[PDB]
$ cat target_33.cif   # mmCIF, C-alpha atoms
data_input
loop_
_atom_site.group_PDB
_atom_site.id
_atom_site.type_symbol
_atom_site.label_atom_id
_atom_site.label_comp_id
_atom_site.auth_asym_id
_atom_site.auth_seq_id
_atom_site.Cartn_x
_atom_site.Cartn_y
_atom_site.Cartn_z
ATOM 1 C CA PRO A 1 0.000 0.000 0.000
ATOM 2 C CA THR A 2 1.099 3.543 -0.804
ATOM 3 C CA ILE A 3 1.925 5.890 2.097
ATOM 4 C CA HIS A 4 -0.255 9.001 1.770
ATOM 5 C CA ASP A 5 0.630 11.429 4.592
ATOM 6 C CA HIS A 6 1.677 14.766 3.066
ATOM 7 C CA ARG A 7 4.198 15.945 5.666
ATOM 8 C CA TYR A 8 5.773 12.483 5.679
ATOM 9 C CA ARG A 9 6.027 12.421 1.878
ATOM 10 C CA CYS A 10 7.588 15.908 1.866
ATOM 11 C CA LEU A 11 10.177 14.823 4.433
ATOM 12 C CA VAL A 12 11.184 11.756 2.416
ATOM 13 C CA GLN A 13 11.461 13.865 -0.732
ATOM 14 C CA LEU A 14 13.874 16.225 1.037
ATOM 15 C CA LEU A 15 15.933 13.308 2.374
ATOM 16 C CA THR A 16 16.060 11.813 -1.137
ATOM 17 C CA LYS A 17 17.375 15.160 -2.354
ATOM 18 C CA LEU A 18 19.992 15.104 0.430
ATOM 19 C CA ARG A 19 21.137 11.615 -0.578
ATOM 20 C CA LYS A 20 21.570 12.718 -4.195
ATOM 21 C CA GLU A 21 23.473 15.878 -3.339
ATOM 22 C CA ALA A 22 25.781 13.708 -1.238
ATOM 23 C CA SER A 23 26.484 11.696 -4.412
ATOM 24 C CA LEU A 24 25.056 8.593 -2.778
ATOM 25 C CA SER A 25 23.403 5.996 -5.015
ATOM 26 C CA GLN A 26 20.416 4.125 -3.580
ATOM 27 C CA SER A 27 22.735 1.095 -3.186
ATOM 28 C CA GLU A 28 25.450 3.068 -1.398
ATOM 29 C CA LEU A 29 22.964 4.680 1.004
ATOM 30 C CA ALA A 30 21.448 1.284 1.748
ATOM 31 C CA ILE A 31 24.796 0.090 3.100
ATOM 32 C CA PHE A 32 24.746 2.694 5.864
ATOM 33 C CA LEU A 33 21.169 1.891 6.824
ATOM 34 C CA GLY A 34 21.420 -1.884 7.010
ATOM 35 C CA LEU A 35 19.163 -2.110 3.959
ATOM 36 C CA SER A 36 19.186 -3.226 0.323
ATOM 37 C CA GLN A 37 19.020 -0.943 -2.686
ATOM 38 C CA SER A 38 15.487 -2.265 -3.252
ATOM 39 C CA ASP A 39 14.479 -1.200 0.276
ATOM 40 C CA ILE A 40 15.728 2.329 -0.434
ATOM 41 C CA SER A 41 13.841 2.451 -3.749
ATOM 42 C CA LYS A 42 10.643 1.523 -1.926
ATOM 43 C CA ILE A 43 11.239 4.157 0.726
ATOM 44 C CA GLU A 44 11.805 6.865 -1.890
ATOM 45 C CA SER A 45 8.667 5.894 -3.812
ATOM 46 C CA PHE A 46 6.618 5.856 -0.589
ATOM 47 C CA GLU A 47 5.951 2.110 -0.657
ATOM 48 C CA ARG A 48 7.754 1.400 2.629
ATOM 49 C CA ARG A 49 8.304 3.627 5.665
ATOM 50 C CA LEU A 50 11.657 5.122 6.664
ATOM 51 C CA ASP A 51 11.961 4.535 10.427
ATOM 52 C CA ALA A 52 13.269 6.798 13.201
ATOM 53 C CA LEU A 53 16.689 5.112 13.393
ATOM 54 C CA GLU A 54 17.214 5.092 9.614
ATOM 55 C CA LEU A 55 16.483 8.839 9.594
ATOM 56 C CA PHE A 56 19.508 9.477 11.822
ATOM 57 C CA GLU A 57 21.677 7.025 9.895
ATOM 58 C CA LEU A 58 20.867 8.749 6.612
ATOM 59 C CA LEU A 59 21.588 12.250 7.945
ATOM 60 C CA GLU A 60 24.854 11.008 9.476
ATOM 61 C CA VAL A 61 26.307 9.757 6.190
ATOM 62 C CA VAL A 62 24.933 12.744 4.294
ATOM 63 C CA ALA A 63 26.589 15.028 6.870
ATOM 64 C CA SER A 64 29.892 13.205 6.443
ATOM 65 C CA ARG A 65 29.849 13.265 2.644
ATOM 66 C CA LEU A 66 28.989 16.960 2.474
ATOM 67 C CA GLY A 67 31.103 18.168 5.383
ATOM 68 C CA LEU A 68 28.084 19.532 7.258
ATOM 69 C CA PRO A 69 27.646 19.553 11.055
ATOM 70 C CA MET A 70 24.904 17.214 12.379
ATOM 71 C CA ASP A 71 23.287 19.797 14.619
ATOM 72 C CA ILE A 72 22.594 22.047 11.636
ATOM 73 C CA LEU A 73 21.432 19.165 9.432
ATOM 74 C CA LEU A 74 19.103 17.912 12.150
ATOM 75 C CA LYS A 75 17.661 21.313 12.956
ATOM 76 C CA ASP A 76 17.143 22.217 9.311
ATOM 77 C CA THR A 77 15.493 18.871 8.562
ATOM 78 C CA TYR A 78 13.199 19.366 11.535
ATOM 79 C CA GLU A 79 12.379 22.932 10.472
ATOM 80 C CA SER A 80 11.570 21.809 6.917
ATOM 81 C CA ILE A 81 8.428 20.199 8.236
ATOM 82 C CA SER A 82 5.535 22.643 7.834
ATOM 83 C CA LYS A 83 3.843 23.220 11.182
ATOM 84 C CA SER A 84 0.818 24.581 9.318
ATOM 85 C CA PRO B 1 5.836 -9.792 15.130
ATOM 86 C CA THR B 2 8.303 -7.773 17.230
ATOM 87 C CA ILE B 3 11.344 -5.734 16.146
ATOM 88 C CA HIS B 4 14.644 -7.085 17.472
ATOM 89 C CA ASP B 5 17.178 -4.589 16.154
ATOM 90 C CA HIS B 6 19.321 -3.457 19.068
ATOM 91 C CA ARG B 7 20.090 0.164 18.191
ATOM 92 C CA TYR B 8 16.468 0.778 17.140
ATOM 93 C CA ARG B 9 15.239 -0.634 20.453
ATOM 94 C CA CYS B 10 17.623 1.633 22.348
ATOM 95 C CA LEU B 11 16.371 4.701 20.481
ATOM 96 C CA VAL B 12 12.720 3.904 21.227
ATOM 97 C CA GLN B 13 13.543 3.182 24.882
ATOM 98 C CA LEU B 14 15.073 6.659 25.151
ATOM 99 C CA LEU B 15 12.057 8.249 23.493
ATOM 100 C CA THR B 16 9.809 6.364 25.918
ATOM 101 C CA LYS B 17 11.822 7.834 28.815
ATOM 102 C CA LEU B 18 11.521 11.319 27.263
ATOM 103 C CA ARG B 19 7.747 10.835 27.038
ATOM 104 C CA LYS B 20 7.583 9.921 30.710
ATOM 105 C CA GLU B 21 9.994 12.722 31.686
ATOM 106 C CA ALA B 22 7.579 15.123 29.994
ATOM 107 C CA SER B 23 4.668 13.757 32.073
ATOM 108 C CA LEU B 24 2.804 12.586 28.958
ATOM 109 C CA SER B 25 0.634 9.445 29.023
ATOM 110 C CA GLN B 26 0.565 7.245 25.925
ATOM 111 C CA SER B 27 -2.877 8.695 25.058
ATOM 112 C CA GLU B 28 -1.632 12.230 25.440
ATOM 113 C CA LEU B 29 1.345 11.598 23.162
ATOM 114 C CA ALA B 30 -0.939 9.763 20.759
ATOM 115 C CA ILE B 31 -3.169 12.808 20.456
ATOM 116 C CA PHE B 32 -0.299 15.069 19.543
ATOM 117 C CA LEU B 33 0.949 12.657 16.889
ATOM 118 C CA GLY B 34 -2.554 12.149 15.479
ATOM 119 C CA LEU B 35 -2.290 8.470 16.431
ATOM 120 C CA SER B 36 -4.214 6.148 18.747
ATOM 121 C CA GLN B 37 -3.017 5.081 22.199
ATOM 122 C CA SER B 38 -2.774 1.543 20.848
ATOM 123 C CA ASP B 39 -0.368 2.844 18.168
ATOM 124 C CA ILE B 40 1.898 4.315 20.866
ATOM 125 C CA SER B 41 1.714 1.196 22.990
ATOM 126 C CA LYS B 42 2.809 -0.940 20.029
ATOM 127 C CA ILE B 43 5.662 1.422 19.226
ATOM 128 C CA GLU B 44 6.916 1.331 22.789
ATOM 129 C CA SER B 45 6.703 -2.490 22.883
ATOM 130 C CA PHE B 46 8.510 -2.773 19.526
ATOM 131 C CA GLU B 47 5.539 -4.165 17.614
ATOM 132 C CA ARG B 48 5.148 -1.185 15.262
ATOM 133 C CA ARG B 49 7.842 1.054 13.751
ATOM 134 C CA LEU B 50 8.104 4.736 14.713
ATOM 135 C CA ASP B 51 8.583 6.561 11.432
ATOM 136 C CA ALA B 52 10.863 9.459 10.538
ATOM 137 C CA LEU B 53 8.116 12.085 10.785
ATOM 138 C CA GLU B 54 6.725 10.749 14.069
ATOM 139 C CA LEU B 55 10.253 11.020 15.493
ATOM 140 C CA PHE B 56 10.303 14.801 14.987
ATOM 141 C CA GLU B 57 6.689 15.250 16.119
ATOM 142 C CA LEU B 58 7.384 13.364 19.352
ATOM 143 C CA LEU B 59 10.486 15.404 20.128
ATOM 144 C CA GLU B 60 8.519 18.562 19.386
ATOM 145 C CA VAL B 61 5.832 17.783 21.976
ATOM 146 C CA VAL B 62 8.417 16.670 24.517
ATOM 147 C CA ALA B 63 10.372 19.916 24.004
ATOM 148 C CA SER B 64 7.225 21.960 24.506
ATOM 149 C CA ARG B 65 6.265 20.103 27.679
ATOM 150 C CA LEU B 66 9.785 20.398 29.146
ATOM 151 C CA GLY B 67 10.398 23.942 27.936
ATOM 152 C CA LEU B 68 13.573 22.735 26.197
ATOM 153 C CA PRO B 69 15.029 23.892 22.853
ATOM 154 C CA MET B 70 14.615 21.346 20.043
ATOM 155 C CA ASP B 71 18.410 21.484 19.511
ATOM 156 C CA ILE B 72 18.814 19.846 22.935
ATOM 157 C CA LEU B 73 16.397 16.988 22.319
ATOM 158 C CA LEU B 74 17.768 16.407 18.832
ATOM 159 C CA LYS B 75 21.266 16.179 20.295
ATOM 160 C CA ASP B 76 20.146 13.843 23.116
ATOM 161 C CA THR B 77 18.521 11.507 20.617
ATOM 162 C CA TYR B 78 21.290 11.562 17.998
ATOM 163 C CA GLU B 79 23.891 11.051 20.693
ATOM 164 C CA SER B 80 21.955 8.024 21.982
ATOM 165 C CA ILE B 81 22.459 6.069 18.792
ATOM 166 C CA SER B 82 25.978 4.904 19.638
ATOM 167 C CA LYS B 83 27.964 4.710 16.393
#
$ encode --input "target_33.cif" --output "structure tokens"
Amino acid sequence: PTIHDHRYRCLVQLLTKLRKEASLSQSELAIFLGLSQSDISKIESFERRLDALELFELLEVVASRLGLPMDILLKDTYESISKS
Amino acid sequence: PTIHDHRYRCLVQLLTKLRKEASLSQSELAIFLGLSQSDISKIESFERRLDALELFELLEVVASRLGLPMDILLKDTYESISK
């Protein structure tokens, strides 16, 4: 079943964009999350949910590849979520 | 049909402690996340996954209840996931 929540979908889209900017293929990102490339493809197409731990794991490798501090990445990601 | 991943379990255990530290019942937290109390119970007993969005929403309500900056709760949680 397709995941429909708007805020959730927007968050995954942003994270997908982060992955790409970090020059991470779906296969490469999967390695850091204890997942398969297929699992990542399903997450990015909203067929499977990205869990709370995987969120941190993704931001951690993105932060490392781009040379960005985690506190800023985390805060910005949080703030990207529309509160209204 | 429980989740056995160690680091994931540790994260959720910390979030459960944050919930309690903020004096929120499972129903109260459920309301703020637009979920049911049963949903929260299953998350805390590792029977249902807490998703990426729910993670932020939970921290947000905890921060509000404790009067703490989000930066602090984000740091606490990130720091909890060992390596």
$ interface_residues --input "target_33.cif" --of "chain B" --to "chain A" --cutoff "6 Å" --atoms "all atoms listed in the file" --output "ChimeraX atom specification"
/B:8,50-53,55
$ residues_around --input "target_33.cif" --residues "residue 26 (chain B)" --least-positions-apart "3" --cutoff "7 Å" --atoms "all atoms listed in the file" --output "ChimeraX atom specification"
/B:29-30,37,40-41
$ atom_distance --input "target_33.cif" --atom1 "CA of residue 62 (chain B)" --atom2 "CA of residue 22 (chain B)"
5.8 Å
$ closest_residue --input "target_33.cif" --among "B:74, B:24, B:61, B:12" --to "residue 73 (chain A)" --atoms "all atoms listed in the file"
B:74
$ closest_residue --input "target_33.cif" --among "B:48, B:25, B:56, B:17" --to "residue 3 (chain B)" --atoms "only C-alpha atoms"
B:48
$ residues_around --input "target_33.cif" --residues "residue 45 (chain A)" --least-positions-apart "5" --cutoff "10 Å" --atoms "all atoms listed in the file" --output "list in words"
residues 2, 3, 9, 12, 13, 16 and 40 of chain A
$ write_last_selection --input "target_33.cif" --atoms "C-alpha atoms" --output "PDB file, in the frame of the given file"
ATOM      1  CA  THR A   2       1.099   3.543  -0.804  1.00  0.00           C
ATOM      2  CA  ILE A   3       1.925   5.890   2.097  1.00  0.00           C
ATOM      3  CA  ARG A   9       6.027  12.421   1.878  1.00  0.00           C
ATOM      4  CA  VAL A  12      11.184  11.756   2.416  1.00  0.00           C
ATOM      5  CA  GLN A  13      11.461  13.865  -0.732  1.00  0.00           C
ATOM      6  CA  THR A  16      16.060  11.813  -1.137  1.00  0.00           C
ATOM      7  CA  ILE A  40      15.728   2.329  -0.434  1.00  0.00           C
TER       8      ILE A  40
END
$ resolve_selection --input "target_33.cif" --expression "the PyMOL selection byres ((chain A and resi 61) around 12)" --output "PyMOL selection string"
(chain A and resi 15+18-24+28-33+54-60+62-70+73) or (chain B and resi 83)
$ residues_around --input "target_33.cif" --residues "residue 72 (chain B)" --least-positions-apart "5" --cutoff "10 Å" --atoms "only C-alpha atoms" --output "PDB file with C-alpha atoms, keeping the file's coordinate frame"
ATOM      1  CA  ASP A  71      23.287  19.797  14.619  1.00  0.00           C
TER       2      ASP A  71
ATOM      3  CA  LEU B  59      10.486  15.404  20.128  1.00  0.00           C
ATOM      4  CA  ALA B  63      10.372  19.916  24.004  1.00  0.00           C
ATOM      5  CA  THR B  77      18.521  11.507  20.617  1.00  0.00           C
ATOM      6  CA  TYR B  78      21.290  11.562  17.998  1.00  0.00           C
TER       7      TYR B  78
END
$ atom_distance --input "target_33.cif" --atom1 "CA of residue 34 (chain B)" --atom2 "CA of residue 35 (chain A)"
28.4 Å
$ closest_residue --input "target_33.cif" --among "B:2, B:23, B:16, B:45" --to "residue 66 (chain B)" --atoms "all atoms listed in the file"
B:23
$ closest_residue --input "target_33.cif" --among "B:43, B:31, B:70, B:58" --to "residue 9 (chain B)" --atoms "only C-alpha atoms"
B:43
$ build_atoms --input "target_33.cif" --residues "region 50-69 of chain B" --atoms "N, CA, C and O atoms" --output "PDB file, in the coordinates of the input"
ATOM      1  N   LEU B  50       8.329   3.308  14.526  1.00  0.00           N
ATOM      2  CA  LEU B  50       8.104   4.736  14.713  1.00  0.00           C
ATOM      3  C   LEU B  50       8.743   5.312  13.455  1.00  0.00           C
ATOM      4  O   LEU B  50       9.931   5.071  13.194  1.00  0.00           O
ATOM      5  N   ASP B  51       7.985   6.048  12.652  1.00  0.00           N
ATOM      6  CA  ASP B  51       8.583   6.561  11.432  1.00  0.00           C
ATOM      7  C   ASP B  51       9.336   7.884  11.593  1.00  0.00           C
ATOM      8  O   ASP B  51       9.336   8.499  12.659  1.00  0.00           O
ATOM      9  N   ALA B  52      10.040   8.262  10.536  1.00  0.00           N
ATOM     10  CA  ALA B  52      10.863   9.459  10.538  1.00  0.00           C
ATOM     11  C   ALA B  52      10.128  10.725  10.934  1.00  0.00           C
ATOM     12  O   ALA B  52      10.680  11.554  11.658  1.00  0.00           O
ATOM     13  N   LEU B  53       8.897  10.888  10.455  1.00  0.00           N
ATOM     14  CA  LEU B  53       8.116  12.085  10.785  1.00  0.00           C
ATOM     15  C   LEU B  53       7.651  12.049  12.242  1.00  0.00           C
ATOM     16  O   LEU B  53       7.707  13.062  12.944  1.00  0.00           O
ATOM     17  N   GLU B  54       7.198  10.880  12.697  1.00  0.00           N
ATOM     18  CA  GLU B  54       6.725  10.749  14.069  1.00  0.00           C
ATOM     19  C   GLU B  54       7.858  11.054  15.046  1.00  0.00           C
ATOM     20  O   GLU B  54       7.621  11.559  16.150  1.00  0.00           O
ATOM     21  N   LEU B  55       9.086  10.741  14.643  1.00  0.00           N
ATOM     22  CA  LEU B  55      10.253  11.020  15.493  1.00  0.00           C
ATOM     23  C   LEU B  55      10.298  12.512  15.808  1.00  0.00           C
ATOM     24  O   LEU B  55      10.360  12.904  16.977  1.00  0.00           O
ATOM     25  N   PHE B  56      10.275  13.348  14.774  1.00  0.00           N
ATOM     26  CA  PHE B  56      10.303  14.801  14.987  1.00  0.00           C
ATOM     27  C   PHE B  56       9.099  15.320  15.780  1.00  0.00           C
ATOM     28  O   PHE B  56       9.250  16.155  16.693  1.00  0.00           O
ATOM     29  N   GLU B  57       7.909  14.836  15.435  1.00  0.00           N
ATOM     30  CA  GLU B  57       6.689  15.250  16.119  1.00  0.00           C
ATOM     31  C   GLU B  57       6.747  14.949  17.613  1.00  0.00           C
ATOM     32  O   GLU B  57       6.319  15.765  18.441  1.00  0.00           O
ATOM     33  N   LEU B  58       7.268  13.771  17.955  1.00  0.00           N
ATOM     34  CA  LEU B  58       7.384  13.364  19.352  1.00  0.00           C
ATOM     35  C   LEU B  58       8.346  14.285  20.098  1.00  0.00           C
ATOM     36  O   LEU B  58       8.053  14.754  21.204  1.00  0.00           O
ATOM     37  N   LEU B  59       9.511  14.531  19.501  1.00  0.00           N
ATOM     38  CA  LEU B  59      10.486  15.404  20.128  1.00  0.00           C
ATOM     39  C   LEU B  59       9.887  16.792  20.311  1.00  0.00           C
ATOM     40  O   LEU B  59      10.083  17.427  21.352  1.00  0.00           O
ATOM     41  N   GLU B  60       9.143  17.250  19.305  1.00  0.00           N
ATOM     42  CA  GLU B  60       8.519  18.562  19.386  1.00  0.00           C
ATOM     43  C   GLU B  60       7.579  18.681  20.593  1.00  0.00           C
ATOM     44  O   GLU B  60       7.624  19.684  21.305  1.00  0.00           O
ATOM     45  N   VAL B  61       6.743  17.671  20.843  1.00  0.00           N
ATOM     46  CA  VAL B  61       5.832  17.783  21.976  1.00  0.00           C
ATOM     47  C   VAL B  61       6.601  17.658  23.283  1.00  0.00           C
ATOM     48  O   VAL B  61       6.298  18.347  24.258  1.00  0.00           O
ATOM     49  N   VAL B  62       7.621  16.808  23.307  1.00  0.00           N
ATOM     50  CA  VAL B  62       8.417  16.670  24.517  1.00  0.00           C
ATOM     51  C   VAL B  62       9.119  18.003  24.837  1.00  0.00           C
ATOM     52  O   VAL B  62       9.164  18.434  26.000  1.00  0.00           O
ATOM     53  N   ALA B  63       9.665  18.647  23.811  1.00  0.00           N
ATOM     54  CA  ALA B  63      10.372  19.916  24.004  1.00  0.00           C
ATOM     55  C   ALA B  63       9.422  20.955  24.589  1.00  0.00           C
ATOM     56  O   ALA B  63       9.762  21.680  25.541  1.00  0.00           O
ATOM     57  N   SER B  64       8.218  21.012  24.032  1.00  0.00           N
ATOM     58  CA  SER B  64       7.225  21.960  24.506  1.00  0.00           C
ATOM     59  C   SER B  64       6.879  21.705  25.967  1.00  0.00           C
ATOM     60  O   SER B  64       6.870  22.630  26.779  1.00  0.00           O
ATOM     61  N   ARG B  65       6.606  20.447  26.306  1.00  0.00           N
ATOM     62  CA  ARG B  65       6.265  20.103  27.679  1.00  0.00           C
ATOM     63  C   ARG B  65       7.391  20.396  28.666  1.00  0.00           C
ATOM     64  O   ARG B  65       7.130  20.829  29.790  1.00  0.00           O
ATOM     65  N   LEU B  66       8.640  20.173  28.255  1.00  0.00           N
ATOM     66  CA  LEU B  66       9.785  20.398  29.146  1.00  0.00           C
ATOM     67  C   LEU B  66      10.386  21.799  29.063  1.00  0.00           C
ATOM     68  O   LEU B  66      11.293  22.147  29.839  1.00  0.00           O
ATOM     69  N   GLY B  67       9.883  22.599  28.125  1.00  0.00           N
ATOM     70  CA  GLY B  67      10.398  23.942  27.936  1.00  0.00           C
ATOM     71  C   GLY B  67      11.846  23.932  27.452  1.00  0.00           C
ATOM     72  O   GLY B  67      12.614  24.856  27.738  1.00  0.00           O
ATOM     73  N   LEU B  68      12.218  22.881  26.724  1.00  0.00           N
ATOM     74  CA  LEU B  68      13.573  22.735  26.197  1.00  0.00           C
ATOM     75  C   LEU B  68      13.673  23.044  24.702  1.00  0.00           C
ATOM     76  O   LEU B  68      12.733  22.820  23.934  1.00  0.00           O
ATOM     77  N   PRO B  69      14.823  23.572  24.272  1.00  0.00           N
ATOM     78  CA  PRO B  69      15.029  23.892  22.853  1.00  0.00           C
ATOM     79  C   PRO B  69      15.034  22.560  22.090  1.00  0.00           C
ATOM     80  O   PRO B  69      15.440  21.532  22.641  1.00  0.00           O
TER      81      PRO B  69
END
